[PDB]
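Which chain is which? The protein sequence lines are B and B', in order. A prime marks a further copy of an entry chain. Just so you know, the first sequence maps onto residues 33 to 121, 137 to 756, 764 to 874, 885 to 916, 930 to 967 in the entry's author numbering. Just so you know, the second sequence maps onto residues 33 to 121, 137 to 756, 764 to 874, 885 to 916, 930 to 967 in the entry's author numbering. Backbone N, C-alpha and C fix where the C-beta goes; we use that ideal spot for every residue, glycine too. Written below as C-alpha cells is the structure these notes are about.
Protein chains: 2
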Amino acid sequence: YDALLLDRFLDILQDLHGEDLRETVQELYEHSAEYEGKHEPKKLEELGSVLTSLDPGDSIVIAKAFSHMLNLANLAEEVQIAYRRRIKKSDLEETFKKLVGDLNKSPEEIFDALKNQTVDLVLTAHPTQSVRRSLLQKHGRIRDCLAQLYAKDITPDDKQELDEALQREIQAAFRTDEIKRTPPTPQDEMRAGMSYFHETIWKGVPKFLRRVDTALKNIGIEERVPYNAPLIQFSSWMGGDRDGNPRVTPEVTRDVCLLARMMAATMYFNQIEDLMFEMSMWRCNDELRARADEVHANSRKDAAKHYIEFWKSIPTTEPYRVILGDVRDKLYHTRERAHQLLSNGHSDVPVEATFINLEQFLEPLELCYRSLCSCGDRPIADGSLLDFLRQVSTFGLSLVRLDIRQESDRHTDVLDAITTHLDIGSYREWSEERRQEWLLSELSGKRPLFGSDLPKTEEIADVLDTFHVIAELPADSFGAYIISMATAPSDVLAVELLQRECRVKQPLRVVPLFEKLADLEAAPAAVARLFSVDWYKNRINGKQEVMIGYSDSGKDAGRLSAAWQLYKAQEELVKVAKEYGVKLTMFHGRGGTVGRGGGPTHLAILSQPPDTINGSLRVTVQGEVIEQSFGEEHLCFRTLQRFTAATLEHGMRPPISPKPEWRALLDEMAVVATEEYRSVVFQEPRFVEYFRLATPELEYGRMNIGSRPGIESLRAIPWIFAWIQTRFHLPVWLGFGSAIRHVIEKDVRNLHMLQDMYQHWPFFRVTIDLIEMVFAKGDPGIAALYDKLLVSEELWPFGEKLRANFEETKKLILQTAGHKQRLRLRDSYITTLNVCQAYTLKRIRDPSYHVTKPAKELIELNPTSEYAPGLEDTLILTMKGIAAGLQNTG
Amino acid sequence: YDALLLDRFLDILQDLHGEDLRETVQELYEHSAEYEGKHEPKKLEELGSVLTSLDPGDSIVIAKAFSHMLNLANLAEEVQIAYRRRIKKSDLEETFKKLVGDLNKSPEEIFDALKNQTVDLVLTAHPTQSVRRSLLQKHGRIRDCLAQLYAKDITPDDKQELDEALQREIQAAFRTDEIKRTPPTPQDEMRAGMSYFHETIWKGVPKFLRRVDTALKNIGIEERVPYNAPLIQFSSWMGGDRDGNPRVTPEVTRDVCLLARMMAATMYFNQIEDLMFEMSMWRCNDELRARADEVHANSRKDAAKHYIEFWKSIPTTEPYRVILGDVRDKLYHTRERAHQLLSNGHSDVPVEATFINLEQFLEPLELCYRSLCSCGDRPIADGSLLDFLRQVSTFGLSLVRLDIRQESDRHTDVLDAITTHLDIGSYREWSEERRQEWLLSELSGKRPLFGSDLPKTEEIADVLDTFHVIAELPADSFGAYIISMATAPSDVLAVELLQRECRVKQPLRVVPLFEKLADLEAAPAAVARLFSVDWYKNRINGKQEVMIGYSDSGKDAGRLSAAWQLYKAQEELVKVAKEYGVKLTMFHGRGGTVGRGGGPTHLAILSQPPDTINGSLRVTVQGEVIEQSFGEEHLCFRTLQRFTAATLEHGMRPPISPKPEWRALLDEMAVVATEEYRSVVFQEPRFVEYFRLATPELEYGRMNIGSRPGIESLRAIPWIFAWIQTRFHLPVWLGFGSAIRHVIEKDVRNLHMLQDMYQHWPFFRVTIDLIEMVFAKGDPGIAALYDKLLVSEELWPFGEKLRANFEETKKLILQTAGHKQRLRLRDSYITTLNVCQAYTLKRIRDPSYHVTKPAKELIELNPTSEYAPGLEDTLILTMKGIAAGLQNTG
C-alpha cells in the first residue's frame, strides 16, 4: 500500500517532467533503500555521485520530488492511523473505566473533578511551521481525497472522480512555489493561527463536549457537562508576544485584537439564523414569555430588509424566535461595528446596539435553555442550542484571549526614564530593596507619575503605547502579561504600576517567565518573596500564574539536568503557593521537539510532579504543532481528548513520588550530566567552529518562517533544528552517557536502582523512553557524511568522539529500559535529501558558485540570490523536506 | 425495518403524552391494518367509533401522530431508495450505452447534441406545498440522521449520539405548530424557493456537470462539457406571477429581484476567497501575465483591512491570485451595493466598481482557465475553477431569471384607457383587425403614446408600474412576460407596445399561455397568424417560446381528451414554427399530480410528440415538487439526471409516430370521453351540490399555503386536491370507461388495436400506465364512507354510480395494459386519517359545535376559530397528513 502513493505521484512526475527524471528519482530511491537496508556507508557516496550530475533545474526538481513524497507519506500515515483506530468497533472511556476499577473512584467524583478542570491551550507563532499556508490547504484537500479513498463504499465513478481530483490536487501542490520569498507579518501569523478556528476548532469543540457527555452517560451520569464549565479554553500569542520582535508594534496588537473580534462576530452571525430556524417551539415558561413580550414591545415594526431570512417582525407565537431574533440583531451590529472599527479607525454603530459583555450574549441563550428544560424539551436544548452555548462560553466575543509578552529590561528602561525625568535617581542603579519600596509607594499612592512631557525612546514609547492600546481595547480581549527574564518582585510590580499608570481600567494578570536554568533554580524563592509583599498578595486574589519555559533550559545545560530541574521547579513552586494559600496555575512553554520539552502530550503531562496541576493547566502549542493537532476533525478531537484525559488522570491518579535515594541519585546524576554537556559544548574552544560547519544551522533564517528579524547567544529553535536535520540529536541525549556510567561506577547496585526507577517513576520512565524514541530516529552515518563533506580534515576526530558518545549513550539507554512496527522506508527518502543537503552545502560554501521580468522556469524564481542560480532554492527545499520526513522542525 | 420508525416515534409519543394515548394510536393502527388487509368496510366504522370518544386535545394529538408517522414513512422511503440504488456497485451511462448500441449513434453525436441541449427549470410558488418551512428543515435533519444510520460503519458512540439526535429532532418537529396561522407574503414564497440554492442546487450543479464529464469520458470523449454550455438553467415565478394575485405588486417584484441579486453576490463572495487560496500557481501565459501586470499597476497600495484574508497587496508572483483578487474586489462591492439597494432605496457604491455584465464576471475566470490549460494545468482548471465557472455561467448575477405573468384583459383595460384618453375610440370595442393595425402603427411610430396625465385605475397603474419596475432593473434579472388567456396577436403586440412605451430598454420576450382546452385547440392558428405579421417575425429574431398549460385542460374536459389535445397542440405548433423558420421552444406548465399533467418526469417527456423539443425544453416545478426534487443532494442529482437524460433520448431516439388508424381512433375516443366527462360533471345539476359535500374541497383555503387571496369557476389545484384526499381520483380516470367501451363496441378488432397501441405508442403507454398507477392509489370504500357520513340520504346512489364507473374504468385499464412490491402498510395510517377527516367534517358542519393571552396547550392555539375549539386544527392536520401519505397535494 506504501507503493500506491509512489505510483500515483511518480505518474504525475513523469507527466510533468518526463521519463528521464522519474527514472533518476527511482535510482535515488533504490540507493536510499539499499542504504536503509544494508546500511553500507559507501552507498551514500554512491548516491551523491548521482546527485552531482544533476542540472541546476533538475536538482531543484529532485528535492521537490522527495519533499512532496515525504509530505504524502505523512498524510497517508495520518489516514492509516485514523482508520486503524476507527476499526475498533489512553482514551476517555478507558480512562473513566480505569479510574473506577483501579482506584475505586466513583462517577460523581470523576464528574465533579471534571467540572472543575480547565485546560488553556495557547497558540504561538513560534517560527517552527516549515510548510507555507498556500501548500497547507492543498495538503488538506489531498488528505481528504485519501481519506475518502481508504474505504470500501466507493462507487466506481466516485473513485474515478477522486482519482482525477487527487491527481489535480497533487499537480496543484507541485505547481506552487514552496519557498516563502518574503517573511510574514505578525498579522499574517495571527491569520495562519486563527484559520484553524473557522475550519476545525469552531465545530470541533461542541462535538468533543458531546462526546464527553456520552462518556459520562456510559458511567451512569445522566447529567451533562455544564455549558459554561470551562473544560477547554484558547489563548494566543500571535500579535502579542513582542519579546525580541520589534515588528510586533502596538498597532499590530490592535489589529489582531480587532481582527479576532470580527471573526468571532461573523461566525456567531452565520450560526444564529439556522439556530433561529430550529427553535420553532411555542411552549415557554412565564419567564421567557415575559421577556419575549418585552422584545415584541420594542419590536420596531419596520421592513428590516437588510436581512435575508426573518425580515418580518417575529410573532410571539414562536417566543424562542423572538429572543434569538434580538440576539441576531445585536450580532449583526456587533459584526458591523467591528468591521468598521477594523476597516477605518472608528464606527458610528452605537455600543448599546452590540454585545459588550461576555454574557450579555449568554443571558438570552441561557434563558432559552431554562425554558426548554422546564417545558420538557431538554433533548432539544442539548442540541444546536447547547452547541451554541458551548461555543459562546468557550470562544466569547473574541475567539482567543491575547497574551502580551515583554522582557523585563524594557520595563526597567521605562522606569529609569521616569525616575531620571522626575529627578529622583536612576531606577537602573537602584538595588532591589529600593525598587520594591518605591514601586510600592507609587502603587499605593494616588498622584500621577509621568506626564505628557516624559522624554521617551522609540522603545520606551513602544511599551507605553502597548499599554495604552491595552487600555483602549475591551478587557475580555486580552489574557496575561508575561515578563521575559523575570528575576525579582520589582519586575512584576513594575508592570502592575505601568499598567495602573497607563490607565488600564481592568489590568491583566502579571506572570513571570523563568526559562533559563539559573532562573528556574531560583524561581520558588522569587515567587515566595513576591507573595510576601502583602499589597500584591491582597491584589492577586489568591490566584497566581507563572510560566515555566522549556526551550532555553536544555540549551545551556544538559537535557537531563534541565528536565530534572524543571520537575524540582514545579514541585517547590506548588510548595510556595500552598504556603501562601494561593491557587497556582503553571504555564508550560513546551515545544514540539523533545529538545524544547516536546513529545507526546500525555507523556509530558504524566512527567509532571503530582499535585501541581489541580484542575488548572496551561500549555503552549508551538506554531507547527498547531497544524499537527488541529488540521483535521480527527486530529482536533484526539488533541482535546489527549489533554483532558491526561489532566483528569493526573488529578485522580497521582504519579508516585520519588524515593529519597532517587532524589540524591538524580542530583549526582544531574551534576555529572551538566559537566559532561558543557565539557563538549562550551569548554571545547573549537566547538562553535565545528558546529557552524557540520550542521545547516546558519541557513535556518533563509526559510522566512516567522516575522522576527556564540552558541550561548543563539535561539534554541535553530539549535534543535541543526542537530535534528543531521539526525544526530546531540541536545537530546548528550549528558546521559557520562551520567549513567558515573552512577553505575560509584555503586554497582545503582544499576538495580536504575532498573527500579525505570519501572516505577513516571518522570524517569518518560525521560528514558523519549531518549529511546529520539535514538530510533537517529543515524550517525549522516553526521559522518556531513563531517566528511564539510568539516576540515583537522577536527574530523572531534565529531567521531561525539559519534562514540552517541552509541555509548544509546547502549546505556536500552540498558535501563531493558530493550534490545516495520515502518522504515520513509528514512530512504529522508536519506536522499540528507545527501542532497550535504553536497549542496559544499557547493554553497565556495567562491566559484557565488554571484559577482517574469519567470517561466524554476531557475528564474530566484533572481536576487547571492549564490548560484539553482542552489539556494535546492538548499531550502532540502531543509523543508527533511523536516517534513522527521515530522519536526525545531 | 418498517417497525423501527414506529418503535422510535411511539417511544417519543409515550414520553410526551403517556401510555394511554400511545395505546389508542396503536388500536387505530391495528384497525387500519385489518382494513388494509381484510378490506371489511365495517372496520372503518369500528375505527370511527374509537375516534368519536377522543377529547378535543386528544384528537389533535392523534392527527398529529399519524401525520408525523406518514412524514417519517416518506423519509425512510427516500433513504431506502437512495441506498438500494447506491448498492449497485433510466440513467446517464445507461442512456449513452443504449444510444450507441441500439441506434448506432456515435459518441461525438451524443456530445454535440448534448452541447446544444438546454433544460430550463422554472420554480413556481403554486400553493401545493403543504408542509411549512419551519418543519421542512426538521425533516431535513431527520433524513440526515436516518441516512447516517442506514449504514454498517457505525461506531457505537456515533450511533448513540445519532439516537439522541434523531430523538431530539423528532421531539422538536412534534413540538412545532404545523399550522400556518397567517398566509405568506410573495417575498416569503420567493425565500422558500431560493432556499434550495444556498443549500443544494449551488453545489449540486457543478457536481452534476462533473458526473456528465465522467460519463462522456466513459464513452471515449476526453473533451469536457463547455463551462458556458447551458445544459441546465433556472427561472422563477416567485414574485413575478401576478395573474389573479393582487398581492404581487411591483414593489414585490423589485424586492424579489434585489433579493435574488444579493443572495447570488453573497454566494460568489464566500466562494472567491477559497478559490484564491487554491490558485497558487506562478506559471501563466503572456496574456494573463500582461493582465495581472495591469491589475498590479492600479493595485491601490493600501491597507485594505475590511477583508480577512489577503488584505495585503497581492504580489505578481502568483498571477492567478492577482486577477482573482480583482474579481474579489468587484464581488465585495457588488454584494455591498445590492445590500444597500435592498436595505435602503439607493446606494453610493459606484456601478463601475461592481459586476454589471453577466460576463464581465466571466472574462477574468475564462482567462484563468485559458492560462491553466496553456501551461499544462488542465487538471487544475477542471477543478474548483471549473466548478466556479459553471456556477457563474449557470446562475449569473441573479440566481434565477424572473418571469412576469399577467392576464390579457389587464393589458386590454390599459390600452382602452389609452385610446379613450386620446379620444380615438375604445380599444375594448375594437375588432381584432383594428387592434392589430393600430398597435402596429404605434410600435413602428416614433411619437410617445400616453403621458404623465393619463387617467389610471389601481389595476392600470399596477401593470404600468410593473413595466416601469422592469425598466428600472437590470435586463439579466428577468425572463419572459407570459400572457394569461392569450387568444390573438393583439394580446402579444399589446405587451410589446406597453413595454416599448414604458421605456423598457431591453424588452423581454413575450410568450402566450394557452391552458384552457378551447385555447389549445386554436393555438397553432393564433401562432401562425402572429408569425404572419412581418414586423413581429422580424423582431422575434427566429426564436419563439409559447407556454402550454396543463392544469385547466383536464378540468373542463376529460383527462384523456385533454392529454390528446395537448399532444396535437405541440405537434401543430412545431409545424407552424417550422413553416415560419422560427425555433420554437415550448413551456410546459406541468404539475406534480397527474391531474395537472404531473407524473414521473421522464414519462411526461417521453409522452411528448417527436421533434418538438430539439434541445430546448422549459418545464414548471410546482411549489411542492421543488421540495420533492431538490431537498437533498441525491434528489437534486436524480432530478437533473432524469431531465437531461430524457431530453437527450427524446432528441436522438424519437418516439414512434402514431398510425392514422390510431389518430382517428383517438379522435372518436376523445369525443366519447368528453361527453362522458361533462355528462357527470356539468350536465348533472346536483353535481356541484354533491361535490361540495362529499369532498373536503371547500376547506382547502384554510391551510394558508399561498399568498393568493360553480365548478367551472374554481382553480384546478383544489379540484385535484379534493378527489385525491378522498382517494377516488375522478378527474384522472373519468372518460376512460365510456371511451374504451365505445371503442370496443363500434368494432371488436379495436380491442386488438388497443393492445397494439399500448405496446408501441409511447404517449398511449404512458397515459394508460399513469391511470393504472392512480388506480393503485385509490380505494372506493373511502368515498363510500364520505358519502355515508356527509352526503344526504337522497343522492346517495349518485356516488354509487360514480363508484360503478370507477371499477368499470379500472377493469378496462388493466385490460389494455394486459395486467391482473409489498409496500402497503402506509395506507393504514392514511386510512385512519381518512376516517378522522370524515367524522370531523361531520362535526364541523353542525350548529352545536360552532362559536356564538398566551397558550400552554394545543386547544389554546386557535382562539379566533369560528368552529369548536379543537376541531379546525384537527381538520387541517388531517388534510396535511393525508396529502403527505399520498405524496401529493394538488
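Worksheet entry | Contact between the region 242 to 252 of chain B and the region 674 to 684 of chain B (3+ Cβ pairs under 8 Å) | As far as the Cβ criterion goes, the region 242 to 252 of chain B touches the region 674 to 684 of chain B, which means the pair count is three or higher.
Practice prompt. Give the single residue among B'/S608, B'/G601, B'/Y627, B'/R556 whose Cα lies nearest to the Cα of B'/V593.
Written response: Per the Cα distances, B'/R556.
Item to complete: Kindly indicate which three-state DSSP category B'/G267 falls into: helix, strand or coil?
Response: If DSSP states are grouped into helix, strand and coil, B'/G267 belongs with coil.
Discussion item. So that I know if they touch, is there some Cβ in chain B lying closer than 8 Å to that of B'/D224?
Written reply: Interface criterion met: the Cβ of B'/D224 is under 8 Å from a Cβ in chain B.
Practice prompt. Could you tell me which uninterrupted alpha helix (DSSP H) segments, each at least 4 residues in length, are contained entirely in the region 797 to 835 of chain B, listed from first to last along the chain?
Written response: Runs found: 803 to 812, 816 to 830.
Worksheet item: Would the beta-carbon of B'/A307 fall within 8 Å of that of B'/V169?
Response: No, they are not a contact pair.
Discussion item. Checking 8 Å against the spacing of the C-beta atoms, do B'/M309 and B'/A400 come in under that value?
Written reply: The criterion of a C-beta distance shorter than 8 Å is not satisfied by B'/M309 and B'/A400.
Worksheet item: Under three-state DSSP, which class holds B/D950?
Response: In the three-state scheme derived from DSSP, where H, G and I count as helix and E and B as strand, B/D950 is classed as helix.
Worksheet item: Does the region 155 to 168 of chain B' come within contact of the region 946 to 955 of chain B', defined as at least 3 CB pairs closer than 8 Å?
Response: The region 155 to 168 of chain B', when compared against the region 946 to 955 of chain B', does not touch it at the 8 Å Cβ threshold.
Discussion item. Give me the chain B' residues within the contact set of B/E208, using Cβ-Cβ distance strictly less than 7 Å, ordered along the chain.
Written reply: Here the neighbours are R257, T261.
Worksheet item: Can you tell which of B'/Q318, B'/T640, B'/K493, B'/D87 has its C-alpha closest to the C-alpha of B'/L433?
Response: That would be B'/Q318, whose Cα lies nearest to the Cα of B'/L433.
Worksheet item: Taking Cβ-Cβ distances below 7 Å as the criterion, which residues of the region 367 to 389 of chain B' are in contact with chain B?
Response: Flagged, chain order: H386, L389.
Item to complete: Using a Cβ-Cβ cut-off of 8 Å, state whether B/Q617 counts as contacting chain B'.
Response: With 8 Å as the cut-off, B/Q617 does not count as an interface residue toward chain B'.
Worksheet entry | N-terminal and C-terminal residue of the beta strand (DSSP E) that B'/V666 is part of | Counting along the chain, the beta strand (DSSP E) containing B'/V666 begins and ends at 663 to 669.
Worksheet item: Quick one: is B'/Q184 near chain B, going by C-beta distance under 8 Å?
Response: Taking Cβ atoms only, chain B reaches closer than 8 Å to B'/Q184, which makes this a yes.
Practice prompt. Decide yes or no for the touch test of the region 338 to 345 of chain B against the region 358 to 375 of chain B: beta carbon pairs closer than 8 Å, at least 3 of them.
Written response: They touch, by the three-pair rule.
Discussion item. Taking only three categories from DSSP, how would you classify B'/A945?
Written reply: DSSP places B'/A945 in coil when its eight states are reduced to three.
Worksheet item: Just how far apart, CA to CA, sit B/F790 and B/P816?
Response: For the pair B/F790 and B/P816, the Cα-to-Cα distance works out to about 18 Å.
Worksheet entry | Every unbroken alpha helix (DSSP H) inside the region 674 to 718 of chain B' [4 residues or more] | Here the runs fully enclosed are 680 to 699.
Worksheet item: Does the beta carbon of B'/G662 come closer than 8 Å to any beta carbon on chain B?
Response: Not a single C-beta of chain B is nearer than 8 Å to the C-beta of B'/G662.
Fill in: Local conformation of B/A527 per DSSP, three classes
It is a strand residue.
Discussion item. Distance cutoff 8 Å, beta carbons only. Does B'/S531 sit that close to anything in chain B?
Written reply: Residue-level contact by beta carbon fails for B'/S531 and chain B, as no gap is shorter than 8 Å.
Practice prompt. Quick one: which residues of the region 325 to 347 of chain B' get their C-beta closer than 8 Å to a C-beta of chain B? List them in chain order.
Written response: Look at the region 325 to 347 of chain B': the residues with a C-beta under 8 Å from a C-beta of chain B are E325, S327, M328, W329, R330, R336.
Fill in: Neighbour flag for B'/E211 against chain B, beta carbons, 8 Å
B'/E211 counts as touching chain B.
Worksheet item: By DSSP, does B/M956 sit in helix, in strand, or in coil?
Response: B/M956: helix per DSSP, three-state reduction.
Fill in: Per-residue DSSP class, three states only, for B/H914
If DSSP states are grouped into helix, strand and coil, B/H914 belongs with the strands.
Practice prompt. Starting from the Cα of B/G69, find the closest Cα among B/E479, B/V820, B/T229, B/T895 and give me that residue.
Written response: Cα-wise, what sits closest to B/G69 is B/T895.
Worksheet item: Looking at B/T171 and B/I279, is the spacing between their C-beta atoms short of 8 Å?
Response: Result no, Cβ atoms of B/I279 and B/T171 do not sit closer than 8 Å.
Item to complete: Using only alpha-carbon positions, find the residue among B/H343, B/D376, B/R368 that is nearest to B/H353.
Response: Nearest option by C-alpha distance: B/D376.
Item to complete: Measuring alpha carbon to alpha carbon, tell me which of B'/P946, B'/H173, B'/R857 ends up nearest B'/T232.
Response: Nearest to B'/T232 by C-alpha distance, out of B'/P946, B'/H173, B'/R857, is B'/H173.
Discussion item. Excluding the 5 residues flanking B'/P785 on each side, which residues of the same chain have their C-beta closer than 8 Å to its C-beta?
Written reply: Result list for B'/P785: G601, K602, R606, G642, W773, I774, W777, in chain order.
Item to complete: Sort B'/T691, B'/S524, B'/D810 by Cα distance to B'/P705 and report the nearest one.
Response: Ranking the options by Cα distance to B'/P705, first place goes to B'/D810.
Worksheet item: Between the C-alpha atoms of B/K206 and B'/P297, what's the straight-line distance to the nearest angstrom?
Response: Within the model, the alpha-carbon separation for B/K206 versus B'/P297 is close to 50 Å.
Worksheet item: Between the C-alpha atoms of residue 876 of chain B' and B'/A871, what's the straight-line distance to the nearest angstrom?
Response: Within chain B', residue numbering steps from 874 directly to 885, and residue 876 of chain B' belongs to the interval with no atoms modelled.
Discussion item. Using 8 Å for Cβ pairs, my map puts B'/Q675 next to B'/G639. What's the rounded Cβ distance?
Written reply: Right, the Cβ-Cβ distance comes to about 7 Å (below 8 Å), so this counts as a contact.
Worksheet item: Counting along the chain, where does the alpha helix (DSSP H) carrying B'/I248 start and finish?
Response: From DSSP, B'/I248 is part of no alpha helix (DSSP H); its letter is neither H nor E.
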